[PDB]
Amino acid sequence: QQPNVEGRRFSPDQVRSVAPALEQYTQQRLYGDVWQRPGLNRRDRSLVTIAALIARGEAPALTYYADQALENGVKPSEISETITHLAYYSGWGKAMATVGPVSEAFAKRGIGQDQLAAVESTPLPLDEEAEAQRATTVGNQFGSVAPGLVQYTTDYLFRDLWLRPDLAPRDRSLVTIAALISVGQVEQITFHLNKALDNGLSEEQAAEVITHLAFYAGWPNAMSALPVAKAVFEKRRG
C-alpha cells in the first residue's frame, strides 16, 4: 500500500529482520489508513511530513519523502522554501542536514536550480496594522531583554520570511505548525495555529495535521497539541 518501496532507506525485508509487526503496521495503518484519510490531501500530508522530518532531525528519510512529495504535487520551489523557512523555525543545522538527502531526490527527478525558490522576489502584501500591533506587543515585553532578537524577529521574519511568495501563507503556516508540534513546542502553537486558520487552513485540516503527526512525531507530541488546538477553536467561537 506504500508507494515506491524500492526508494526506502530500509527495505521491507530489512524491517522484517527486526520488527515484522512494524512493517505490517506501516503498510496497513500508516499508508493504508492514515495517509488515506480524505480530510487532508496527499499534497498537504507531504508538506506536513517533510516539516516533521526536518524538525526532528530525521533528514535521511527525506530522500524518499521528498520524492513522494514531488509525486504528490508539492512543487520543487515549495520544498526549497520549506527548508529555508525551517532554518529559522527549527534551526540552521536542521535545515542544513536536508541538503544531501533532498539534493539526491532532486537529481533523480532532473530538478535543476531554475525550479527552486527565488533568492529574492516580490514580497506578498503586509497587513501593516496587524504588524504594527505585533511589533508593539513584543517590543514592550522583551525590547530591553534581547533588543537584537526583537529586531531580527521584525526584520528577518515578519517583514521578510513571512512575505516570501514561494510558499503561500496557508502553506507556510502549515509547515510552521507541523514543525512546532513535531518537537513539542506548544508555547508557539497558539499564535501560529490562529495564523494558519486566518490564512485558510480549516479546523478539520488542522485536526488531521495533529493526527498525522501522532505517527511521525509520536503520540505524546500530538496529545500535547490537543488542549492548545481546543483552546484556539473555542476562542474563535467567542
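The first residue of the shown sequence is 1; numbering continues from there.
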Which is higher on average in the deposited entry, the C-alpha temperature factors of 26-34 or of 49-57? 26-34
Out of 81-89 and 110-118, which one has CA B-factors that are higher on average in the deposited record? 110-118
Peak C-alpha temperature factor (PDB record), options 176, 188, 41, 182: 188
Which third of the chain holds residue 134 when residues are ordered by C-alpha B factor: lowest, middle or highest? highest
Could you tell me which third, lowest, middle or highest, the C-alpha B-factor of residue 220 occupies within its chain? lowest
Using the B-factors in the PDB entry, rank residue 199's C-alpha atom against the chain and give the third, lowest, middle or highest. highest
Going by what the PDB entry lists, where does residue 166 fall on CA B-factor within its chain: lowest, middle or highest third? middle
Give the position of residue 76 by CA B-factor within its chain, expressed as the lowest, middle or highest third. lowest
